[PDB]
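All chains are named by letter (A, B, ...) in the order of the sequence lines, taking the proteins before the strands, and each is independently numbered beginning at 1. Counting starts at 1 for both ligands and their atoms, in listed order. For the numbers below, each heavy atom of this structure counts, side chains included, while hydrogens, waters and symmetry mates do not.
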There are 2 protein chains.
Amino acid sequence: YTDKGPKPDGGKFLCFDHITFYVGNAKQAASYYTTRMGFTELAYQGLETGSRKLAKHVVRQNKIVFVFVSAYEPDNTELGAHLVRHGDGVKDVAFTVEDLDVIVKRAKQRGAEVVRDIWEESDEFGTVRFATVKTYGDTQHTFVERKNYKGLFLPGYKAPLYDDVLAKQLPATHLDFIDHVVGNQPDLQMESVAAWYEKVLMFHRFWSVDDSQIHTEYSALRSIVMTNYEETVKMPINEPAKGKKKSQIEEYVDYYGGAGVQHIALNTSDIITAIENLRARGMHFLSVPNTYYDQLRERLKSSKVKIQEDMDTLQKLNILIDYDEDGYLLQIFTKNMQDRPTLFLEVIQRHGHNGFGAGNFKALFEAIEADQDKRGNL
Amino acid sequence: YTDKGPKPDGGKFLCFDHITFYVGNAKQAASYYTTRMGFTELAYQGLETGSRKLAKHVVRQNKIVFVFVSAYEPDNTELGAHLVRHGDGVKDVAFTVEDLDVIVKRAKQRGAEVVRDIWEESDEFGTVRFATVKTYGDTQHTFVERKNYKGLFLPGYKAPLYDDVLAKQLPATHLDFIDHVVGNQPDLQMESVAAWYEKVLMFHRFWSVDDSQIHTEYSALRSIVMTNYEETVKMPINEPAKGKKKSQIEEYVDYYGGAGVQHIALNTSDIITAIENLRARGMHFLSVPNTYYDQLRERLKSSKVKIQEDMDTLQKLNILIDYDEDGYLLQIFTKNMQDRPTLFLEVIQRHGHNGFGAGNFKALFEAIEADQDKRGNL
Ligand SMILES: Cn1ncc(C(=O)c2ccc3c(c2)C(=O)N(Cc2ccccc2)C3=O)c1O
Ligand SMILES: Cn1ncc(C(=O)c2ccc3c(c2)C(=O)N(Cc2ccccc2)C3=O)c1O
Ligand SMILES: [Co+2]
Ligand SMILES: [Co+2]
């Protein structure tokens with residue numbers, strides 16, 4: 001029961017629909033996410049389906065859908081510029097919606113920059129209606145009115161030409177749905193971007209335990225989490241801030257060439273098995289010193305919260321914990337998805353805790369910085 | 001014993017040194033080739049090594065070395081333009097040489113466009129001297145004078161930050177060395193490109209059984225194979241030609257945006273195990289109708305050549321055969337390494353046959369076209 005602001009007169013954002021990436025080699029990118037991250041290739045458009053300008057590979061893990069897109073032709077102006085500016089990265093964060101027309105009319109009236117006005121596509125399995133507007137940077141939002149669409153992903157997509165015996169042979173990673181999608185902004189842009197979500201989409205600010213305590217000194221960022229009225233989609237917005245060390249938000253914006261998605265968090269209900277199986281697929285994660293766990297166990301000595309998972313196993317797998325007196329979450333961060341120090345992924349499991357892990361900024365900073373100081377900062 | 005032309009006064013091309021690819025996401029490209037194609041990540045340069053403009057991932061399988069390169073910074077003019085024009089593709093075909101200075105002086109005198117004049121790099125393990133010239137398209141040749149260099153690949157490269165438990169868990173693919181590297185040229189360019197190899201590098205034309213019989217009607221190409229004096233490096237040069245169907249060389253040049261490497265052939269001494277294990281890693285290859293093998297077995301009835309490998313297994317794995325009365329080769333072609341219909345790979349094993357498989361143009365055309373004609377060309 002919190003201040004959610006005025007209830008929108010019409011329109012609903014049900015959930016994240018899919019995330020679309022603009023990449024240099026969609027075939028190889030799909031292979032990376034299926035083999036390393038537990039996805040399965042679901043659907044495809046390309047030369048073989050009559051799509052002559054764009055190749056599209058759709059991969060799925062439970063409710064999580066990622067789409068990888070590349071150009072077929074030399075000197076594709078739009079995709080080419082994006083690739084050169086940003087490297088591989090997120091282009092579209094798509095939302096499943098009800099009452100598309102109200103949402104789009106309101107967004108347009110309130111100043112949204114339109115990429116494509118309402119359109120529909122159909123095949124043997126039904127019809128889907130869409131619209132696309134710009135958000136921060138070169139990122140966009142497609143609203144997807146799927147009317148319990150019974151086809152393969154979306155109209156026009158076809159089965160992949162081949163099955164993949166490599167991805168098939170690997171163990172399940174148990175990632176269920178997209179928990180949140182974080183967008184990094186350049187200096188001083190967080191408030192105007194958050195205001196866009198409030199005005200254009202009638203989102204509101206989501207207040208969690210992380211908003212109640214300052215972590216700027218360690219995190220070197222400020223964040224505002226924007227969410228739809230029913231709080232089913234969460235869009236954190238970061239900007240750099242003055243802290244004890246150079247801001248990773250500034251590094252992101254420098255190497256991404258502007259604002260963009262920093263991380264996508266994937267919610268799991270069995271993080272130990274998830275991380276064991278992601279590690280078996282060759283994924284790497286932040287290295288966590290043993291002192292983090294020694295200090296965490298000492299802090300937990302005065303807490304009434306009960307950690308259900310085996311702490312020795314969490315320590316072995318370098319899974320992080322954040323808690324208050326009413327619950328806790330588990331989280332872990334992958335290494336970067338590319339050479340540029342830009343996008344990474346997060347795996348998160350919640351036990352009655354609606355925050356984002358901000359306590360770990362201080363906890364990891366203290367454990368890692370102290371050890372490096374002892375090592376002469378060499 | 002054939003006409004090799006005049007023997008060069010100084011200089012030797014020993015072998016292929018490595019192939020460098022300019023790609024959108026070198027981290028993910030290295031992962032594709034290690035997991036799908038049997039390579040292992042060997043060495044690295046990037047932010048962690050002091051390389052602030054370029055990330056470089058080096059992967060190796062026996063003598064075969066592939067290097068994947070991406071830019072770190074937005075709007076890298078050279079790498080960006082290459083990426084937008086071509087997609088992911090080969091940038092540099094590097095040769096290991098002796099007497100670098102003669103080779104470079106001669107190439108420069110004879111009109112080579114220089115990318116970088118002779119330079120040297122050194123670390124704790126020794127020194128290597130290099131030079132780079134342009135060849136066809138945006139492709140270049142680096143000459144590598146490695147003086148039995150005892151370090152990790154080349155000076156300045158470091159160990160990868162992580163080992164990869166995915167690539168480690170997969171079965172060996174038995175690819176030994178680069179057999180040949182084929183370059184597709186636009187209409188009418190084959191002769192001038194072949195003449196460049198003869199004049200600038202003192203290569204000569206390699207004549208094989210494939211040059212003695214015409215296959216243009218089926219292959220829709222013309223080829224000249226250029227080779228160094230000792231015939232240790234083979235560089236086929238293709239151009240489109242008029243045949244029964246649209247030329248795959250024309251499709252390549254259209255989607256690559258000009259000349260470039262069409263395929264890299266990797267030599268194996270156990271093709272059955274190689275293909276079994278590449279298939280277990282999720283690689284796909286051209287589908288071959290059973291009629292190809294029925295017709296091949298009937299043609300072999302009048303030949304004195306003895307196929308050592310089990311033909312039923314070759315048929316199961318869709319491995320191709322080409323032969324004359326003095327020997328045979330086995331070969332197979334992967335599907336494309338990217339969405340654009342440009343680069344693919346070949347696995348080849350030779351049994352006393354120095355050709356390139358040109359007999360399979362007709363054999364596969366006849367088997368595939370006949371079946372499609374029966375299927376109404378739908
Ligand atoms: C809305 N919101 N707020 C936080 C989040 C996170 O995912 C999130 C939460 C905690 C951490 C990180 C990300 C992270 O990268 N590190 C490492 C680090 C980076 C700089 C300085 C000190 C430590 C953390 O400790 C989110 O989604
Ligand atoms: C120097 N040199 N000459 C040939 C080569 C090859 O690798 C090579 C040899 C045989 C074939 C292919 C490549 C190939 O793609 N197909 C399929 C096909 C393509 C168009 C029309 C009919 C059939 C073949 O049958 C090379 O390296
Ligand atoms: Co997060
Ligand atoms: Co070949």
Enumerated ligand 2 atoms positioned under 4.0 Å from heavy atoms of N360(B): 25 (O)
Interfacing atoms of ligand 2 (cut-off 4.0 Å, heavy-atom, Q248(B)): 19 (C), 20 (C)
Contact with ligand 2 for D210(B), non-hydrogen, under 4.0 angstrom: no
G357(A) neighbourhood, listing ligand 1 atoms whose heavy-atom distance to it stays under 4.0 Å: 9 (C), 10 (C)
Six-ring centre of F206(A), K234(A) cation under 6.0 angstrom, axis tolerance 45°: yes
Gap between atom NE2 of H180(B) and atom CE of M226(B) - 0.5 Å precision: 16.0 Å
Aromatic centroids of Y328(A) and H353(A) separated by under 6.0 Å: no
Under the side-chain contact (heavy atoms from CB on, under 4.5 Å) test, residues paired with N377(B) that sit two or more places apart: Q372(B), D373(B)
Pairwise distance CD(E346(B)) to CG(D179(B)) - rounded to 0.5 angstrom: 7.0 Å
Candidate with minimal heavy-atom separation from atom 6 (C) of ligand 2, of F356(B), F365(B), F206(B), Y218(B): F356(B)
Test of proximity, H263(A) against ligand 1: N or O pairs below 3.5 Å: yes
Sub-4.0 Å atoms of ligand 2 with respect to non-hydrogen atoms of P236(B): 1 (C)
Euclidean distance, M311(B) CE relative to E309(B) CD, rounded to 0.5 Å: 8.5 Å
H141(A) ring center within less than 6.0 Å of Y197(A) ring center: yes
Ring centres under 6.0 angstrom apart (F333(A), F285(A)): no
Interatomic spacing from OG1 in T342(B) to CG in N184(B) - rounded to 0.5 Å: 10.0 Å
Separation of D176(A) CG from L266(A) CG (nearest 0.5 Å): 9.5 Å
Distance below 2.8 Å from the Co ion (ligand 4): protein N/O/S atoms: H180(B) NE2, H263(B) NE2, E346(B) OE1
Distance filter under 4.0 Å to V182(B) heavy atoms, resulting ligand 2 atoms: 27 (O)
Residue part near ligand 2, for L364(B), under 4.0 Å between non-hydrogen atoms: side chain
For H180(B), atoms of ligand 2 separated by under 4.0 Å from a heavy atom: 27 (O)
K234(B) touching ligand 2 at heavy-atom level, < 4.0 angstrom: no
Polar side chain donor-acceptor pair, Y292(A) to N318(A), under 3.5 angstrom: no
